[PDB]
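Protein chains: 2
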Amino acid sequence: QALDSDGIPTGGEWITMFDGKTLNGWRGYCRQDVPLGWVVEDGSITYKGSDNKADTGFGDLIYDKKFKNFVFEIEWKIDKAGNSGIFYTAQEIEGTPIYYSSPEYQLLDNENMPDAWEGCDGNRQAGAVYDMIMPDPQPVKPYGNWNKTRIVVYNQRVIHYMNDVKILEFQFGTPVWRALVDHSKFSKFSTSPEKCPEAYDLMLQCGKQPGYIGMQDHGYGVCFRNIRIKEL
Amino acid sequence: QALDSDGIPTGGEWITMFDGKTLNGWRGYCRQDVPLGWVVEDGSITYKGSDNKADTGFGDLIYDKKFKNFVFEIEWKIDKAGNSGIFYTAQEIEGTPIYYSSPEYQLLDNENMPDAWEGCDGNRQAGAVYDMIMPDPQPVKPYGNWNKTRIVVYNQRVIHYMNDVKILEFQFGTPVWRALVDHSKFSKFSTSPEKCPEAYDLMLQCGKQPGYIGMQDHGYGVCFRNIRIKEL
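Protein sequence lines, in the order shown, are assigned to chains A and B. Going letter by letter, the first sequence gives residues 39 to 270 in UniProt numbering. Going letter by letter, the second sequence gives residues 39 to 270 in UniProt numbering.
If you want it as structure tokens, here you go:
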């Protein structure tokens with residue numbers, strides 16, 4: 039097996055997750071239909087939101103296939119002060135948010151969004167594991183430019199890349215993972231005003247089974263294209 | 039190069055750090071002499087403490103040689119409610135504690151010492167990186183038994199073992215390391231009543247240069263033997 043410098047197999051076939059035209063392959067989190075607000079505009083997936091403000095289910099969008107070991111790639115562009123997020127180990131649990139069961143690869147305009155600086159030491163910047171690990175380096179482009187994201191999960195090792203540069207790496211199922219969860223908003227020990235202590239046991243078990251890839255609801259100003267995956 | 043299952047080279051020669059009789063090879067942190075309180079008793083190094091309560095320097099004991107990549111082994115026995123700690127990347131900085139510049143491999147009677155439960159989720163238990171990473175599993179023996187510790191540092195990867203079982207692993211110089219430091223007492227962001235925010239930049243740079251191995255002052259009830267190292 040040929041391996042790249044991060045020890046990740048270089049073989050496999052890419053499968054396209056987005057046809058450039060429709061949301062075929064995609065559906066809402068915990069539902070069979072596409073939630074109101076998601077559209078295809080100029081060859082990109084984007085959440086615009088709806089004038090219909092009725093209390094429907096969760097609105098996050100997932101690709102309709104579970105993955106475990108993979109190399110996932112997606113390109114994204116953010117409008118000024120935009121925000122979104124990519125989930126990649128999510129479990130469908132009725133009544134429970136998508137972000138309780140997956141790390142979030144954060145998407146943010148670092149220059150213009152106040153949540154950028156509301157983390158601890160950059161852990162809510164673009165490319166972070168939201169509220170857990172800050173990226174270093176920070177290769178995000180200015181708003182209005184297309185960024186390339188790659189996320190690798192391989193035998194519980196997780197690597198985030200941004201614009202072809204590795205920005206963080208960690209491993210599920212380890213005491214380090216537990217320590218990171220323990221200090222986050224997902225902790226049973228958290229005193230954050232955005233605390234979600236009921237996520238704790240789910241977050242501890244991330245990556246121990248297959249999960250979904252998807253994107254955040256209310257992710258204003260973010261467009262996605264060139265979405266593909268190689269199973270490992 | 040033959041590697042063990044953790045990818046650590048299996049070749050090299052062991053060098054004995056303790057002769058079983060004297061403290062030859064050892065000296066105080068930031069000093070040429072052995073601090074009052076350290077003795078050899080029944081073939082083990084131990085800190086008894088002194089009736090002399092005069093304000094001398096720091097009292098921690100280091101082996102008089104810097105190391106970078108190595109496999110370090112030491113055996114220890116703790117009396118009921120004892121405590122100590124092993125440093126392994128320490129810098130000698132006059133006026134600054136030893137524990138500002140090295141992770142501490144914690145030694146504790148988990149059953150009988152209140153600092154055991156004063157951490158977050160076991161990060162002050164035996165084998166922890168003190169205040170940063172809890173061990174999992176926890177293979178420590180009951181007090182009064184000899185435990186075997188192994189600490190590996192190899193190209194910035196750190197592995198703790200206890201009684202021949204791996205208990206945690208991490209890597210210096212990474213955003214994960216920074217996140218772990220950020221949530222500890224060593225953080226510039228800390229609100230611990232034992233906060234040491236002036237350690238922050240030193241702790242972030244651990245493992246970027248050679249450092250000392252040593253043991254904590256006021257480490258009551260802990261005896262050390264069979265102390266050896268293999269440079270990698």
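Even for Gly, the Cβ is constructed at its ideal location relative to N, Cα and C.
| Query | Result |
| --- | --- |
| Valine 214 (chain A) in three-state terms, based on DSSP | helix |
| Reference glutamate 51 (chain B); option with closest CA among B:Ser43, B:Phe110 and B:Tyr85 | B:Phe110 |
| Members of the stretch 211-244 of chain B that neighbour chain A once the beta carbon cut-off is set at 8 Å | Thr212, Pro213, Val214, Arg216, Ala217, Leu218, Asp220, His221 and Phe227 |
| Proximal residues to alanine 237 (chain A) (C-beta, below 6 Å), its chain only, five neighbours per side dropped | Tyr138 and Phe224 |
| Contact with chain A by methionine 172 (chain B), beta-carbon distance below 8 Å | yes |
| Assigned secondary structure, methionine 241 (chain A) (DSSP; H/G/I helix, E/B strand, else coil) | helix |
| Cα-Cα separation between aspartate 80 (chain A) and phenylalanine 262 (chain A), rounded to whole angstroms | 10 Å |
| Bounding residues of the beta strand (DSSP E) (the contiguous stretch that carries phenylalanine 227 (chain B)) | Segment: none, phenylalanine 227 (chain B) is in no beta strand (DSSP E) and carries neither H nor E. |
| Integer-rounded CB distance, given that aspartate 239 (chain A) should sit under 8 Å from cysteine 158 (chain B) | About 16 Å separates the two Cβ atoms, so there is no contact after all. |
| Where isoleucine 53 (chain B) falls, given that 16 or more other Cβ within 10 Å makes a residue buried | exposed |
| Against chain A: residues of the stretch 152-170 of chain B by CB proximity under 8 Å | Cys158, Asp159, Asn161 and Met170 |
| Identified DSSP bridge partners for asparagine 62 (chain B) | Answer is none; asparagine 62 (chain B) lacks a bridge partner. |
| Candidates A:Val190, A:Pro213 and A:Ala217, of which the one nearest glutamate 207 (chain A) by Cα | A:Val190 |
| Run of the beta strand (DSSP E) containing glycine 252 (chain A), from where it starts to where it stops | 250-253 |
| Test: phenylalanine 56 (chain A) CB closer than 8 Å to a CB of chain B | no |
| Stretch-stretch touch, CB-based, cutoff 8 Å, three pairs: the stretch 141-157 of chain B with the stretch 100-109 of chain B | no |
| Per-residue contacts from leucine 74 (chain A) into chain B (C-beta, under 7 Å) | In chain order: nothing, as chain B lies at least about 37 Å away. |
| Short Cβ contact (8 Å threshold) for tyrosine 181 (chain A) with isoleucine 116 (chain A) | yes |
| Minimum Cβ-Cβ distance from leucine 145 (chain A) to chain B less than 8 Å | no |
| Burial state of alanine 92 (chain A) (16 or more Cβ within 10 Å) | exposed |
| Close-in-space but distant-in-sequence residues of the same chain around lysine 268 (chain B) (CB under 6 Å, 5 per side omitted) | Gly50, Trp52 and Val109 |
| Beta carbon proximity, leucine 206 (chain A) to chain B, threshold 8 Å | yes |
| Contacts around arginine 266 (chain B), its chain only, beta-carbon distance under 7 Å, and the 5 residues preceding and following it disregarded | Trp52, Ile53, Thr54, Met55 and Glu111 |
| Neighbourhood of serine 82 (chain B) by C-beta distance below 7 Å, restricted to the same chain and skipping five residues each side | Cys261, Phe262 and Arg263 |
| Cβ pair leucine 99 (chain A), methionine 170 (chain A) closer than 8 Å | no |
| Closest Cα partner of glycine 165 (chain A) within the set A:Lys204, A:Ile136 and A:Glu130 | A:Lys204 |
| Exposure label - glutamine 39 (chain A); buried when at least 16 CB within 10 Å | exposed |
| Helix, strand or coil at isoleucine 265 (chain A) according to DSSP, with G and I counted as helix | strand |
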